[PDB]
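Protein chains: 2
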Amino acid sequence: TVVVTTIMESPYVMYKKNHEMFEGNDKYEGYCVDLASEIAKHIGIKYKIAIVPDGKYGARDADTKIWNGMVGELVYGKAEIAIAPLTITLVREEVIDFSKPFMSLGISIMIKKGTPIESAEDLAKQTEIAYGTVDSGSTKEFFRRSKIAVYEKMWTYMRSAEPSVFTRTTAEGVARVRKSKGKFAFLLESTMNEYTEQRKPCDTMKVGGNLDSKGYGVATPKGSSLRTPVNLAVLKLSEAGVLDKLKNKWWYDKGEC
Amino acid sequence: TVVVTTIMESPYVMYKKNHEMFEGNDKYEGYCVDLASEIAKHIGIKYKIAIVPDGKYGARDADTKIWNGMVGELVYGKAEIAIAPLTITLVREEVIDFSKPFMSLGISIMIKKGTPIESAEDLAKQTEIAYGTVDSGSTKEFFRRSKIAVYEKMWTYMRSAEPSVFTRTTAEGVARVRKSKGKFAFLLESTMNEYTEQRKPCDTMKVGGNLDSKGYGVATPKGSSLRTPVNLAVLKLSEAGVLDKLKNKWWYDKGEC
Ligand SMILES: C=C(C)[C@H]1CN[C@H](C(=O)O)[C@H]1CC(=O)O
Ligand SMILES: C=C(C)[C@H]1CN[C@H](C(=O)O)[C@H]1CC(=O)O
Numbered sequence: 001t002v003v004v005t006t007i008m009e010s011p012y013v014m015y016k017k018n019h020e021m022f023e024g025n026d027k028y029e030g031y032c033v034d035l036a037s038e039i040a041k042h043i044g045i046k047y048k049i050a051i052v053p054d055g056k057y058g059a060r061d062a063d064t065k066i067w068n069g070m071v072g073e074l075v076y077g078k079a080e081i082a083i084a085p086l087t088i089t090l091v092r093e094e095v096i097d098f099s100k101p102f103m104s105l106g107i108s109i110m111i112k113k114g115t116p117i118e119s120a121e122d123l124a125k126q127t128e129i130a131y132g133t134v135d136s137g138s139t140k141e142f143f144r145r146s147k148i149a150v151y152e153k154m155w156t157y158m159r160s161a162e163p164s165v166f167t168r169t170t171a172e173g174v175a176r177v178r179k180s181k182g183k184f185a186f187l188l189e190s191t192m193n194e195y196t197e198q199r200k201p202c203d204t205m206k207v208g209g210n211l212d213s214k215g216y217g218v219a220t221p222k223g224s225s226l227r228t229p230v231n232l233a234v235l236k237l238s239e240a241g242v243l244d245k246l247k248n249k250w251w252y253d254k255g256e257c
Numbered sequence: 001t002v003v004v005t006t007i008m009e010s011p012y013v014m015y016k017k018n019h020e021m022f023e024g025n026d027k028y029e030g031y032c033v034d035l036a037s038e039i040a041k042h043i044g045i046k047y048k049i050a051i052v053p054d055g056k057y058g059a060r061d062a063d064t065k066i067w068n069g070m071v072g073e074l075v076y077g078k079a080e081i082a083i084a085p086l087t088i089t090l091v092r093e094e095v096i097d098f099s100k101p102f103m104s105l106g107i108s109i110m111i112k113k114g115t116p117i118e119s120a121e122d123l124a125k126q127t128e129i130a131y132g133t134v135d136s137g138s139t140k141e142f143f144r145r146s147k148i149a150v151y152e153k154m155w156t157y158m159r160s161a162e163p164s165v166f167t168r169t170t171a172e173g174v175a176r177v178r179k180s181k182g183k184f185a186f187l188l189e190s191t192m193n194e195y196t197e198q199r200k201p202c203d204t205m206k207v208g209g210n211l212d213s214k215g216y217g218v219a220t221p222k223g224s225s226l227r228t229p230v231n232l233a234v235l236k237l238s239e240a241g242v243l244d245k246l247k248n249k250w251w252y253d254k255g256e257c
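These protein sequence lines map, in sequence, to chains A and A'. A prime marks a further copy of an entry chain. Residues in the first sequence are numbered from 1 upward in steps of one, following PDB author numbering. Residues in the second sequence are numbered from 1 upward in steps of one, following PDB author numbering.
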């Protein structure tokens, strides 16, 4: 049996109605739950879903040099494969292997319906509408690292802002948009943005184009025998239409708006 | 010095005004010419551009089992790295290594302005407007392999059509759209589509959404020491904004419409 690490994040992995009545993998449903099933079928493995104990994706602490989250579990040999909306980034690729993207995306702007913002350039040129990102992930690092004037102006604002503009989770950020009467805008990945837009009470929307271009990859530890099988499986699922089918299913078929 | 294989395809690789006056790499300009420069800088190599002798991308002949085009050059050790709009596909990944995508795309519909087509579903339900793809590449194989009713109807039509609906090149297909008074539609990758839309005489446009989702990757031969350097370089260029800069430059800054 192969340990598959993942994280609670809608609609990728979620708890079924009364998971208690269910056992093991049957407790969870979602996009990555479906993805895991399909990949495991393709590569012919038995697998077990283990939610990353610390509820994190993967960063390396600057002082201690330890890797946390799902990346951590791979690096320290606690799991064999990570199947989650885990953004393909250089620092991560330096320590683990990513398959080709199973999903393509870019950073995007979530507003509450009615907010006079259509673009990053709209956000930067004002201070009346607060804006931020989820804390400690790839979006914040895009802004931290950016050398593009507009995003640099956005990073300086976000980093100095009191109260903090950074959220623990996507859901927190979404909650703050909905609850802030148009005074908070949220910078998150287009995939969660598009998802939320189709969720009651339908008071949110995506605005403007994406600030960048990247994808999510299935991750394994360096030297893993499961590397090539996993990668050829993503390409197979992609080409067979199965990835598109799964996005349509969890985003739009289950959509509420 | 490293042999870099590539192919003539606008705006990726093209001949400069009077390349004769120029020498070696200085003869060519374009997106992949720029890409090669940047990657070579990042990984610290000397390199030489060699246009793939057979003017092909990479397929394996069913009888002889030989690989042609740019993939071929890698497999048979004629070049060390392929930098071109080479679509990441399973069969190719089985024989060579692809870096992460430097460009994201999907199959798209090119029409002559005025053509009453907005979608694949519009194309399939009629026969008055002919439609086809470039021959012997990943787009045709998407249609050949597809199990989705609409695309299967499209493949059966395309394969049976007389005269042939398949073109030697992108440019041929583009020429046939422009020249056919709205009686031919062209199925090509969104990247070339978007490019052509910005090219005089501006009589073409992209219509509807993409039929699929994939990317272009820098390719190296299996076991190459240049694998990880190349891959970390694409991620670096991506994250530094350089890929976006290069697309904007060759598509839109040089745009004519
Ligand atoms: C949900 C979170 C915190 C994750 C998921 N993907 C990104 C990552 O892998 O870092 C993060 C999103 C972001 O940073 O906006
Ligand atoms: C220009 C051509 C013939 C190439 C380029 N990328 C695809 C490939 O790598 O196969 C092909 C496009 C296509 O098939 O529509």
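Yeah, the Cβ is synthetic: ideal placement off N, Cα and C, and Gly gets one too.
Cutting at 6 angstroms between CB atoms, please list the residues of its own chain near residue i, excluding the five before and the five after it.
{"i": "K200(A')", "result": "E256"}
{"i": "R227(A)", "result": "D97, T220"}
{"i": "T196(A)", "result": "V174, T204"}
{"i": "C202(A)", "result": "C257"}
{"i": "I43(A)", "result": "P229, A233"}
{"i": "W250(A')", "result": "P11, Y31"}
{"i": "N25(A')", "result": "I49"}
{"i": "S108(A')", "result": "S190, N193, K206, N210"}
Quick one: what's got a C-beta closer than 7 angstroms to residue i's C-beta in the same chain, skipping five residues either side?
{"i": "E152(A')", "result": "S146"}
{"i": "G215(A)", "result": "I88, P101, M103, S104, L105"}
{"i": "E172(A')", "result": "none"}
{"i": "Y12(A)", "result": "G30, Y31, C32, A84, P85"}
{"i": "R168(A')", "result": "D135"}
{"i": "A40(A')", "result": "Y47"}
{"i": "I45(A)", "result": "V2"}
{"i": "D63(A')", "result": "none"}
Is there a C-beta anywhere in chain A' that falls below 7 angstroms from the one on residue i?
{"i": "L86(A)", "result": "no"}
{"i": "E256(A)", "result": "no"}
{"i": "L235(A)", "result": "yes"}
{"i": "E239(A)", "result": "yes"}
{"i": "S213(A)", "result": "yes"}
{"i": "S104(A)", "result": "yes"}
Under 7 angstroms between C-beta atoms, does residue i make it to chain A?
{"i": "residue 260(A')", "result": "What is shown of chain A' runs 1 to 257, which leaves residue 260(A') out entirely."}
{"i": "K48(A')", "result": "no"}
{"i": "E93(A')", "result": "yes"}
{"i": "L90(A')", "result": "yes"}
{"i": "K153(A')", "result": "no"}
{"i": "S225(A')", "result": "no"}
Pick from the options: whose alpha carbon is nearest that of residue i?
{"i": "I66(A)", "options": "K112(A), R92(A), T170(A)", "result": "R92(A)"}
{"i": "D212(A)", "options": "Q126(A'), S213(A'), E194(A'), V242(A')", "result": "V242(A')"}
{"i": "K78(A)", "options": "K179(A), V207(A), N193(A), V2(A)", "result": "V2(A)"}
{"i": "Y157(A')", "options": "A124(A'), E141(A'), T170(A'), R178(A')", "result": "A124(A')"}
{"i": "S160(A)", "options": "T170(A), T169(A), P229(A), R144(A)", "result": "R144(A)"}
{"i": "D253(A)", "options": "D122(A), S238(A), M154(A), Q198(A)", "result": "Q198(A)"}
{"i": "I49(A)", "options": "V75(A), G217(A), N18(A), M14(A)", "result": "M14(A)"}
{"i": "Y76(A)", "options": "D63(A), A62(A), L90(A), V95(A)", "result": "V95(A)"}
{"i": "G114(A')", "options": "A233(A'), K245(A'), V207(A')", "result": "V207(A')"}
{"i": "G209(A)", "options": "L232(A), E121(A), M21(A)", "result": "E121(A)"}
{"i": "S138(A)", "options": "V150(A), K112(A), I45(A), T170(A)", "result": "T170(A)"}
{"i": "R176(A)", "options": "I111(A), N25(A), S238(A)", "result": "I111(A)"}
{"i": "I81(A')", "options": "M192(A'), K181(A'), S108(A'), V218(A')", "result": "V218(A')"}
{"i": "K236(A')", "options": "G223(A'), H19(A'), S108(A'), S99(A')", "result": "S99(A')"}
Skipping 5 residues on each side, what residues in its chain have a beta carbon closer than 8 angstroms to that of residue i?
{"i": "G69(A')", "result": "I7, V52, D54, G55, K56, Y57, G58, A59"}
{"i": "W155(A)", "result": "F143, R144, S146"}
{"i": "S180(A')", "result": "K112, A130"}
Any heavy atom of ligand 4 closer than 6 angstroms to the beta-carbon of residue i?
{"i": "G137(A)", "result": "Ligand 4 is absent from the structure shown, which contains only ligand 1 and ligand 2."}
For the stretch 183-193 of chain A against the stretch 119-138 of chain A, are there 3 or more C-beta pairs whose distance is under 8 angstroms? Result yes; three or more Cβ-Cβ pairs closer than 8 angstroms.
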